[PDB]
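Student: As they sit in the full assembly, here are the leading chains:
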Amino acid sequence: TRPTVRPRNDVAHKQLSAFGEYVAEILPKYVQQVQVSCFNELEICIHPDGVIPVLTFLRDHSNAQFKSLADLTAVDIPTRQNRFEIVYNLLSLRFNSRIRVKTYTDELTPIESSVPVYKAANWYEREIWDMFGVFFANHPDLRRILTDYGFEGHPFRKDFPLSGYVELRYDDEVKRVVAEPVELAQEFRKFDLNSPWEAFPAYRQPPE
């Protein structure tokens, strides 16, 4: 249209529309939704029964190398009736292509972990346990990383408030550094920022 607008391309939008299509064709057992992003990204929605073999299928091939496990993350979504959302991100070395794996779950239902499939998930997989409580299956060493020793909260979900309950202080009553209920000097004034009038036409909801 003009300068100062991102020039999109169609070549990568073509092959990523082409490549991911016959992925669901050759495993119609686990794949439940595939979508192409408008900027050359791919999602393969997978029910977590096939958490191991689909990775194991992308672990090796002759048309898809994909042996660079970059990113394990975790996203919570309340009001979904199955809250959490484990999302991978893996890289083909020989092909320069990004693709993500979106696998939902719930809290108490475990997930067969990727421990034999990848050995870069040694510290990433434990993190979701410490922050959410998503108990992955058959991990050789589940422990506590990046949190303090006495928490019971799994803080990165939404019901855990901004401060905890555990504002710490010292006294010379004997020697100890003792815990106490939390007390702030200031509210953290919470604003109200959502302007009305719906700046977006394309993502318009079903109007019910």
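Tutor: Cool, got the structure. Numbering: from 1, shown residues only, chains lettered A, B, ... in the order given.

Student: Quick check: which element contains the most centrally placed residue in chain A?
Tutor: Most central in chain A under Cα atoms, centre = their mean is residue A:74, positioned 2.9 Å from the mean C-alpha point. Element membership of residue A:74 [criterion: DSSP states H and E] is strand A:68-76.

Student: So what's the gap between that strand and the chain middle?
Tutor: 5 Å (Cα atoms, centre = their mean, to the nearest Å).

Student: Who does that strand pair with, and is each partner parallel or antiparallel?
Tutor: Applying DSSP bridges, strand A:68-76 is found paired with strand A:84-92 (antiparallel).

Student: Would you list the strands that the helix or strand that comes right after the partner strand pairs with, along with their directions?
Tutor: Later in the chain than strand A:84-92, the nearest helix or strand by DSSP H and E is strand A:97-104. Strand pairing for strand A:97-104, determined by DSSP bridges: strand A:42-46 (parallel), strand A:84-92 (antiparallel).

Student: Who are the packing partners of the following helix or strand past strand A:97-104?
Tutor: On the C-terminal side of strand A:97-104, the nearest following helix or strand under DSSP H and E is helix A:124-131. Secondary-structure packing of helix A:124-131 (3 or more Cβ pairs under 8 Å, 6 or more residues apart in numbering; DSSP states H and E): strand A:68-76. Any C-beta I mention is one placed from the backbone N, CA and C, and that applies to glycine too.

Student: Just the angle for the strand it packs on relative to helix A:124-131, thanks.
Tutor: Angle, strand A:68-76 to helix A:124-131, by axes from the mean of the first three to the mean of the last three Cα atoms, to 10 degrees: 10 degrees.

Student: Name the residues of strand A:68-76 that are buried.
Tutor: Residues of strand A:68-76 classed as buried by neighbour count (16 or more other Cβ atoms under 10 Å): A:69, A:72, A:74.

Student: circling back to that earlier point, can you list the strands paired with strand A:97-104 in TSV and add mean neighbour count and distance to residue A:60?
Tutor: Converted to TSV, the strands paired with strand A:97-104 look like this (neighbours: other Cβ atoms under 10 Å; distance: least, Cβ to Cβ, whole Å):
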stretch	mean neighbour count	distance to residue A:60
strand A:42-46	19	17
strand A:84-92	18	12
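
Student: same structure, new chain, call it chain B:
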Amino acid sequence: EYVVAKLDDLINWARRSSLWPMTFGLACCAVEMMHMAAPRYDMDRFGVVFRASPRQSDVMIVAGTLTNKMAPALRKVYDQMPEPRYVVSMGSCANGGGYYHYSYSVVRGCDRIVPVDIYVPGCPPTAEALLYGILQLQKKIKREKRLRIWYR
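Tutor: One more piece, chain B, placed on the ones above:
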């Protein structure tokens, strides 16, 4: 007495002439102190030597941001110091914990644990106001040891 009070103009001068500091590198306020060690604003030989073992310290410096996993380890090193000690904390995250201040796991203040004497403000204090804080500290030593047991 003119005879006895003349003596503490040597001893309370001698302690403000040789300070052997510890530094706790934790966050981005550690890096700027290294440039004070770099010989532009050469920190050595203006009264004060470089790094030193944890035993032989007088002036401890907390720099950066404290977490609850470090609140026990701070007090234990603070016990092992000898008696005429002083605590001086640089960095705006050692005075109220900067921002990160409303977070669930950051020590609010670095004052509810140790008693600190001189507060330098700022995300990084630019190794320009920090020598000014140290000359403030030697200016703070105008105290006396005589006319304390000579009074009471």
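
Student: And the residue of chain A closest to chain B?
Tutor: residue A:164 (4.0 Å; Cβ to the nearest Cβ).

Student: That residue against residue A:153, yeah?
Tutor: Yes. Using Cβ atoms under 8 Å, residue A:164 is in contact with residue A:153, at 6.7 Å.

Student: Quick check, the residue in chain B closest to chain A?
Tutor: residue B:104 (4.0 Å).

Student: Just say helix, strand or coil for that residue.
Tutor: coil (DSSP: H, G, I helix; E, B strand; the rest coil).

Student: residues contacting the closest residue to it other than its chain neighbours?
Tutor: Spatially, and ignoring its direct neighbours in sequence, residue B:104 is nearest to residue A:164 (4.0 Å; Cβ to Cβ, 6 or more residues apart in numbering or on different chains). For residue A:164, the contacting residues are A:151, A:153, A:155, A:182, B:104-105, by Cβ atoms under 8 Å, 6 or more residues apart in numbering or on different chains.

Student: What's the ChimeraX line that selects buried ones from those residues?
Tutor: Filtering these down to the buried ones (16 or more other Cβ atoms under 10 Å in any protein chain shown) takes a single ChimeraX command:
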select /A:151,153,155 /B:104,105
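
Student: follow-up on the earlier one: make sure the residue of chain B closest to chain A is actually in contact with residue A:167.
Tutor: No. Contact criterion Cβ under 8 Å: residue B:104 and residue A:167 do not qualify, at 9.5 Å.

Student: Point out the residues in chain A that sit beside chain B.
Tutor: Contacts of chain A with chain B, taken as Cβ under 8 Å from any Cβ of the partner chain, map to A:147-149, A:153, A:155, A:160, A:162-164, A:166-170, A:177, A:184, A:188.

Student: residues from chain B in reach of chain A?
Tutor: B:67-69, B:71-72, B:75, B:102-105, B:107-108, B:112-114.

Student: Counting neighbours, which of these comes out on top?
Tutor: Comparing these on neighbour count, residue B:107 comes out first with 24 neighbours (neighbours: other Cβ atoms under 10 Å in any protein chain shown).

Student: put chain C onto that model:
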Amino acid sequence: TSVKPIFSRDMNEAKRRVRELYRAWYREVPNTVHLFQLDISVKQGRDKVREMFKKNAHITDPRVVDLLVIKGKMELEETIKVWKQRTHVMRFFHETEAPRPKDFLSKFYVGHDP
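Tutor: Placing chain C onto the earlier chains gives this:
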């Protein structure tokens, strides 16, 4: 429930597991009290152990108790070794905290109904 469990199946692989590590705590309470160099009586520690197990006895559903098993076992990893430097073990006892009133006439003179 269309969901697979963690370890137990129904209440009988469960309730034998909560009894199981109780002995591991029970020989641990005299073991650590001379180790972490703190000074209370050792029977207070055995009272606080059974304090924790008995309070959560209002569960009639598996894999939640089993979820507490993983929580209960992970406590012993720092405990048998030395990963709680003389504070976290003292954190179990609300010692220097002022007492909550918990009485209606006592609440009424102090507080806007907390």
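
Student: The contacts of residue A:164 again please, this time with chain C.
Tutor: A:151, A:153, A:155, A:182, B:104-105.

Student: and chain C, which of its residues are near chain A?
Tutor: Close to chain A, as judged by Cβ under 8 Å from any Cβ, chain C has residues C:3-4, C:6, C:63-64, C:67, C:70, C:74, C:77-78, C:83-84, C:87-88, C:90-91, C:95-97.

Student: at 6 Å what do you get?
Tutor: Taking Cβ under 6 Å from any Cβ of the partner chain as the measure of proximity, chain C contacts chain A at C:3, C:6, C:63, C:84, C:87-88, C:90-91, C:96.

Student: Any quick PyMOL command for the buried ones out of the residues you listed?
Tutor: Buried residues within those, by 16+ other Cβ under 10 Å, are selected in PyMOL with:
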select buried, chain C and resi 6+63+84+87+88+90+91
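
Student: could you dump the residues of chain C next to chain A to TSV with secondary structure?
Tutor: Listed next are these as TSV, based on three-state DSSP:
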residue	secondary structure
C:3	coil
C:6	coil
C:63	coil
C:84	coil
C:87	coil
C:88	coil
C:90	helix
C:91	helix
C:96	coil
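
Student: Show me the two of the residues of chain C next to chain A that sit farthest apart.
Tutor: C:3 and C:96 (43.5 Å; Cβ to Cβ).

Student: Which of the contacts of residue A:164 lies at the shortest distance from residue A:46?
Tutor: Closest to residue A:46, out of all of the contacts of residue A:164 and judged by Cβ to Cβ, is residue A:155, at 27.6 Å.

Student: need the contact list for the closest residue in space to that closest one that isn't next to it in sequence.
Tutor: Closest residue to residue A:155 apart from its sequence neighbours, by Cβ to Cβ, 6+ apart: residue B:104 at 5.9 Å. Neighbour list for residue B:104: A:155, A:163-164 [criterion: Cβ atoms under 6 Å, 6 or more residues apart in numbering or on different chains].

Student: Distance of residue B:104 relative to residue A:132?
Tutor: From residue B:104 across to residue A:132, the span is 15 Å (Cβ to Cβ, to the nearest Å).
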